[PDB]
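Reviewing the structure listed below.
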Ligand SMILES: CCCCCCCCCCCCCCCC(=O)OC[C@H]1O[C@H](O[C@@H]2[C@H](O)[C@@H](O)[C@H](O)[C@@H](O[C@H]3O[C@H](CO)[C@@H](O)[C@H](O)[C@@H]3O)[C@@H]2OP(=O)(O)OC[C@@H](COC(=O)CCCCCCCC[C@H](C)CCCCCCCC)OC(=O)CCCCCCCCCCCCCCC)[C@@H](O)[C@@H](O)[C@@H]1O
Ligand SMILES: CCCCCCCCCCCCCCCC(=O)OC[C@H]1O[C@H](O[C@@H]2[C@H](O)[C@@H](O)[C@H](O)[C@@H](O[C@H]3O[C@H](CO)[C@@H](O)[C@H](O)[C@@H]3O)[C@@H]2OP(=O)(O)OC[C@@H](COC(=O)CCCCCCCC[C@H](C)CCCCCCCC)OC(=O)CCCCCCCCCCCCCCC)[C@@H](O)[C@@H](O)[C@@H]1O
Ligand SMILES: CC(C)=CCC/C(C)=C/CC/C(C)=C/CC/C(C)=C/CC/C(C)=C\CC/C(C)=C/CC/C(C)=C/CC/C(C)=C/CC/C(C)=C/CC1=C(C)C(=O)c2ccccc2C1=O
Ligand code: HEC
Ligand code: HEM
Ligand code: HEM
Ligand SMILES: CCCCCCCCCCCCCC(=O)O[C@H](COC(=O)CCCCCCCCCCC)COP(=O)(O)O
Ligand code: FES
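Chains as they are written, first to last, in this note's numbering: chain R, 2 to 59; chain L, 30 to 71; chain S, 142 to 214; chain E, 13 to 235; chain V, 17 to 200; chain W, 220 to 320; chain H, 264 to 402; chain F, 7 to 57; chain G, 5 to 537.
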């Protein structure tokens, strides 16, 4: 491929981003619970306060 | 399909002549190339 | 160990006997099972202890069986 | 005021009934009775945004408020009319008291805070973990009235401190200590969060030791 | 006789990074359509006595960057270093001028929590400023690499693609400056 | 409303004055003030090594390194209505030692 | 590489037409007028394909036919060095761990963790960018 | 004390002590490292252990 | 003048003490220049800074447990009852100009001392530097680490604030009294009675400023003398043998480097002392047994012990009317850990059977079992250390506190096993990566298409080649192998000048030619020495 190290970086970014989003399940409240589409204002800090939603976003 | 299973580190110890979108087929069945050009259109 | 398995086998300590690791796995599993004895009232952690112990016993048993049958050395 | 009472009921009906009931009696396994919790409980729970709650878990978090000051007064008046209870301290103009709640004896406040509060909130109100998913939060954002009503009403798992257990002057000393330990700068450099040994040991390893090893690598050779 | 691979990759990525700013422009225009006649609303008083000189400095940094590119294509590592140091200083000046504008806007009551206008203004201009900071980091890293080995064509290609990024940042700023300070 | 859930310890059935209970604030594990009192769970949490004691079941440990319950103080009131102790602890207070029980 | 430019120019034609049509059709007989989010997105999608297509079209008219652009090129036309392709590196996983540190810091709003993650990112990206340019150690 | 006019300047006293002390001896150390690396002759010496 | 004075003083010294030969032997001593051989002197310099700042602190500190009423400037504690120790610790940080800075430099230096000892221990263990003839000096170092841990603990216990007093009540008082048969007697010998008493802080002060630091100083002297007269180990490399030392002489290069490193370590610790708050005891209050705060961590070098207390289950025994409480396990555990650390060289020579003299180090990849064991030990240490901070982690990172306890409990068994397996395979994998370069040369990253369409990567051989052109396979020699062509000089040099302006071309040419000639001469010198021996 044109950029072998960028290719490796893309894979590792996939893996660690997916692990960050799934780690919501190890919090007490749990993971994101506002759907994969994440409609507003259900996703705002007033209506989804947990850390699961923020971990999902990042 | 014109290289080994698995491919080497840099994928190719040689390349065939590329004249269509079926280069491995033409590599493995040269006798068919003429037919492939003749029969291509209904 | 042979140098085909550990290339620097003559430069350092390269072999740990398999019995040490098999017995250590079994004892670690047994230790996970003995922490079910405690003051805790929930059982979520009991299931986690049982699962980790089961995985350890399965890995030890697979390794032991495959060495006995000659599939790994 | 009848207008304030009907506005509070009107706000309550499309925000709080699903969990607390139409008559403020509670909905079982969903939310408790509000009878006798008082205006002070409403003020604390709604002005810090904890109410309305969004789900059941270990602990309901604070979040941006869903109502403004007059709506909070209306809701508190409506709840007060059903059972009474404690009220939020006011000033001369009838506003929620903030500055007059700062007591004059911060040394007594610190001694009282360390006896009654630091077990759950830490030496300087930085927060601390509780049993299973719960936690006493960082105290650095609460205004004086929020601190006062938090002591007065005993939220979630926080003990309730009555005006007989901690008199109003003791509470004002405590709020003075809480506010001043939040606004005082660090004296010896960057405060590192105020938790002590754990962030200090993190700073040694990631700053001091990394610097020392990098300098050693620069001075020394490889291979 | 063949495309510069690093160049094409950089151009392709920059075109993608245009869509990121598309999202922020959409946020800005949605908030502006809901303004109700007051845009910017009180108390926000934008001042062009400071935005304009900062904009002009950022534009002139593009000419200095292009001069560095000409030196690099010429094989002159020292001319490249001089022009890229000048460009770095000018972009740093842009960042500081933006920060000073931010500070004066915050004191008069235009903040992210304060109003919808503050939210869009600060996300748009602040993400652009973050892109500028990333470009300054890129200048620093490129200039350090020219001291590491001899000046090869690959090193000159690296300079060229860093300049592609800098021109993208400048043009995005021109678009943001036109829509915020004149199409109010 | 929670008084029906209280389980008494043998020898300590009358140590409470109605709905007032008194336990030692000294943790039985290693002596820290075990004073993180959760009113809804009725859980006493020790900040030092995370022992948890069930206030409704005579401060019996339910989590952590503590194996022993917190000692209960018997309490009552006097003629003026002030809370007073109704005797001593019936067991030694604080961390254990070789000589104990 | 004229086909490469043509692909993006064709996409550009469609995207520009769609953007203009959508803006005009929502300005007229659509509630609220111009739908700004979708119009902006379509205009800048057009811009994306325009940037890439213009770059390819400028590149194509410079260089004459490559062996991959030539209908009856021989395999031996492509003999010689291709370029540099990194043989190995552990810097990509360090960059992703650093960026994930900063992301966890932003998710939980821990400013010190965000600072540490940004510092890690800068160090890891320097490690990647310098990997094939550090000279020998000097003594 | 808290909320006084002098509290901010007081809060920088110890930081300034550490910045001026730490920088000073830090800079002398750097300068001496550079002098060794750039001016003192490069050397390779071999000693017999006799151990 | 300045030269005649030096000759006159030199002759006066030599006529009176005749030290010329011994001094010259010290000037000609050769030290290897490896970056990791500088790890021990970070610990030495931290100890020196600790001595200087500690002497400064003893001029102001009153370690009395006598209770007084605070009369100082710190308004949030006015009128509060406290010990004289807490009183004078506050007086240092508020009433003595520079006292807070000195105190913070002392505490940061203590943290750097412990961390340096840990990292230096890791080098010693993973490179095999403990092997004979150097077993005793590993033992001396092990004792130094234990003494440093307890010295730092006693030191931060001295101010008698709430946090450190909570640490004293649980660890020093609770665990001690829990000890079977002799527990309570040890407690009453140490405290003079029950906790807290009136003698504890003065006694700890005496232990902390004189007795323990004197033992540490004696042990450090023995340690450095053993290193000096046993002649430091080295890594395998060109010209390096079991019987020589390759490096630089003391005079002047090693002396200059050591002095400059000392100055830079001092600078870092001084920047930390006046840029980062450590232990702001006025925020904590004086110690009272009725009070406590969330987050009762010790300094990091003690955390693992505290972590062990947090993780071990509530297992107790009650034989014949007696009590063996939970803390006894921790005590035993600590002893076991220390006994395993001191005894490791003899354990490994018993297991491996290797009892040979060793002056050449092992690369950690080449001893895969010991590397796996040390990685396993570091994994356990980190798990216990983070278990100690489990409450802080629960608050900041949104994990149930109960869950953190169980993660630590299960991970205490599982994480070291996983780490052992991974580290073992990783070490052998690095061995294979070295072998690859030995048979094929350095992958340059340049791909080439042959006329028939093959893709080949260009390799740079590290030795002689064939008539076909492939390299002759080289033998591994225990030394690192280059893997980047730029590290072999392929990148060249930019071009002489300032950063912005070039020098005259003739200067650049002369400088580059001289540099290449010098590098070639150095390589040739090492090569011919190697060929001769
Ligand atoms: C995935 C791989 C495996 C196969 C595929 C999938 C397997 C998983 C399936 C598990 C299904 C679980 C149920 C899901 C729903 C759920 O969410 O839960 C329900 C409820 O539960 C609790 O209520 C209990 C009751 O329902 C209430 O009626 C009651 O009142 C309450 O009473 C408590 O509380 C009271 C005060 O309130 C006290 O009065 C009272 O005394 C008590 O304490 C109860 O609670 P309690 O018993 O604590 O917990 C128990 C809960 C809690 O959930 C759980 O399953 C716990 C989670 C278990 C996690 C399993 C870990 C697996 C190990 C790892 C894989 C190891 C590593 C390997 C990795 C890779 C390996 C490769 C190298 O049920 C269970 O365990 C179910 C039993 C079976 C679990 C499965 C075990 C399988 C492993 C064994 C074999 C080994 C593997 C083979 C290897 C070769 C409360 O929480 C409630 O809120 C909650 O609502
Ligand atoms: C060899 C060199 C050695 C020397 C190194 C020196 C470096 C340190 C700096 C030097 C010190 C300056 C001189 C004098 C001190 C000073 O003048 O100081 C002012 C005040 O400052 C803090 O006040 C914050 C606000 O100003 C107050 O308004 C607010 O009240 C206060 O709030 C606290 O108190 C409240 C009670 O009221 C609570 O409510 C509340 O919650 C909280 O506790 C605040 O504090 P806080 O949030 O702590 O810090 C936040 C910091 C931000 O973080 C920091 O920079 C800390 C950095 C050091 C920490 C290092 C941690 C390392 C982690 C590990 C690596 C982990 C990862 C490893 C695992 C990975 C896993 C993968 C496998 O602010 C910011 O700048 C944010 C914006 C950007 C930050 C950048 C600044 C510098 C670094 C930037 C790095 C590059 C890019 C930019 C980053 C964004 C408090 O201290 C106050 O006492 C203090 O008064
Ligand atoms: C025994 C025990 C305690 C067990 C619990 C362990 C545990 C589960 C910890 C993880 C907690 C997290 C990170 C929670 C969210 C879930 C999550 C994202 C998990 C990881 C998912 C995953 C593996 C995939 C993504 C890739 C990846 C590896 C992610 C990076 C994870 C990172 C970098 C997180 C940090 C981990 C961690 C526990 C660090 C501790 C840091 C410490 C001890 C710092 C102390 C400290 C604190 C706490 C301050 O408050 C402070 C304030 C001001 C200045 C400084 C500091 C400071 O340094
Ligand atoms: C543990 C049992 C606690 C003790 C003792 C005290 N507090 Fe607390 N507090 C605790 C919790 C679990 C919570 C959160 C409850 C919620 O309903 O979400 C609180 C909350 C507060 C607050 C509100 C903070 C805010 O988010 O800004 C304040 C101001 C507060 N607590 C103060 C406080 C004081 C002064 C205490 C001593 C009397 C005190 N708390 C005791 C847990 C515990
Ligand atoms: C106060 C703590 C310690 C100090 C100040 C200290 C200091 C030093 C120094 C300066 C050296 C020589 C330079 C070097 O290799 O780094 C050294 C060598 C040595 N140290 Fe330490 N040390 C300490 C603790 C330890 C520990 C914990 C161990 C291991 C358990 C240890 C074992 C050794 C050994 C074996 C050597 C000689 C190694 C060799 O020749 O290569 N020391 N020490
Ligand atoms: C191995 C060496 C040492 C270590 C690890 C060490 C560690 C510590 C630590 C962590 C503290 C607490 C600091 C604080 O206030 O925040 C302390 C306090 C103290 N130490 Fe040391 N120390 C060492 C050597 C010495 C020596 C040799 C002296 C005496 C000359 C000394 C004198 C003091 C004094 C007087 C205090 C109390 C005053 C105070 O806390 O501020 N120390 N020590
Ligand atoms: C340490 C205090 C004094 C330091 C001065 C001593 C070192 C210089 C004297 C000798 C060098 C110059 C030539 C010379 O005078 O030759 C001679 C002096 O040196 C000697 O013969 C003995 C010197 C041994 C003492 C050194 C011990 C420690 C010194 C190390 C300090 C870094 C005199 O020359 P001459 O007699 O005229 O041929
Ligand atoms: S002292 Fe209470 S759990 Fe250890």
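Backbone N, C-alpha and C define an ideal beta-carbon position, used for all residues, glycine too.
Residue span of the alpha helix (DSSP H) that contains residue 327 of chain W, given as start and end: This structure gives no information on residue 327 of chain W, because the portion of chain W shown stretches from 220 to 320.
Buried versus exposed, by CB contacts within 10 Å (16 or more), residue 38 of chain G: buried
Closer than 7 Å: residue 18 of chain G CB and nearest ligand 7 heavy atom: yes
Residue 254 of chain W (DSSP reduced to helix, strand or coil): coil
Inter-residue CB distance, residue 364 of chain H and residue 376 of chain H (contact presumed, cutoff 8 Å): 7 Å
Alpha carbon of residue 288 of chain H to alpha carbon of residue 309 of chain H, nearest angstrom: 18 Å
Short-range partners of chain E found in the region 365-380 of chain H, where Cβ spacing is below 8 Å: 375, 379
Neighbour list for residue 282 of chain W in chain B, Cβ cutoff strictly below 7 Å: The chain inventory of the structure shown lacks chain B, comprising the protein chains R, L, S, E, V, W, H, F and G.
Selected residue, minimal CA-CA separation from residue 76 of chain V, among V:59, V:91, V:54, V:104: V:104
Neighbouring residues, chain R, relative to residue 403 of chain G (Cβ below 9 Å): Chain R residues near residue 403 of chain G: 27, 28, 29.
CB-CB length for residue 128 of chain G against residue 269 of chain G, believed under 8 Å: Not a contact, Cβ separation roughly 19 Å.
Contact with chain R by residue 66 of chain E, beta-carbon distance below 8 Å: yes
Under 9 Å by beta carbon: chain G residues contacting residue 211 of chain S: Within chain G, no residue comes near residue 211 of chain S; the closest Cβ sits about 22 Å away, beyond 9 Å.
Beta-carbon neighbours of residue 4 of chain R, restricted to chain V and to distances below 7 Å: Result: 25.
Nearest-angstrom Cα separation, counted from residue 174 of chain V out to residue 159 of chain E: Separation of residue 159 of chain E and residue 174 of chain V (C-alpha to C-alpha, rounded to the nearest whole angstrom) is 57 Å.
Exposure label - residue 209 of chain G; buried when at least 16 CB within 10 Å: buried
Near-chain H residues of the region 38-49 of chain L - C-beta to any C-beta below 7 Å: So the close ones are 44, 46.
Interface flag, residue 268 of chain G vs chain F, CB-CB below 8 Å: yes
Enclosing beta strand (DSSP E) for residue 304 of chain W [first to last residue]: 302-304
8 Å Cβ cutoff, residue 49 of chain F in contact with chain G: yes
Residue 296 of chain G beta carbon less than 8 Å from that of residue 293 of chain W: No, Cβ-Cβ distance for residue 293 of chain W and residue 296 of chain G is not below 8 Å.
Partner residues on chain E for residue 24 of chain F, Cβ-Cβ distance less than 8 Å: 201
Whether residue 302 of chain H touches residue 285 of chain H by CB criterion (8 Å): yes
Residues near residue 143 of chain E in its chain [Cβ-Cβ closer than 7 Å; skip 5 each side]: Excluding positions up to five away in sequence, the list is empty.
Three-state secondary structure assigned by DSSP to residue 264 of chain W: Shown here, residue 264 of chain W sits in a strand according to DSSP, grouped into three states.
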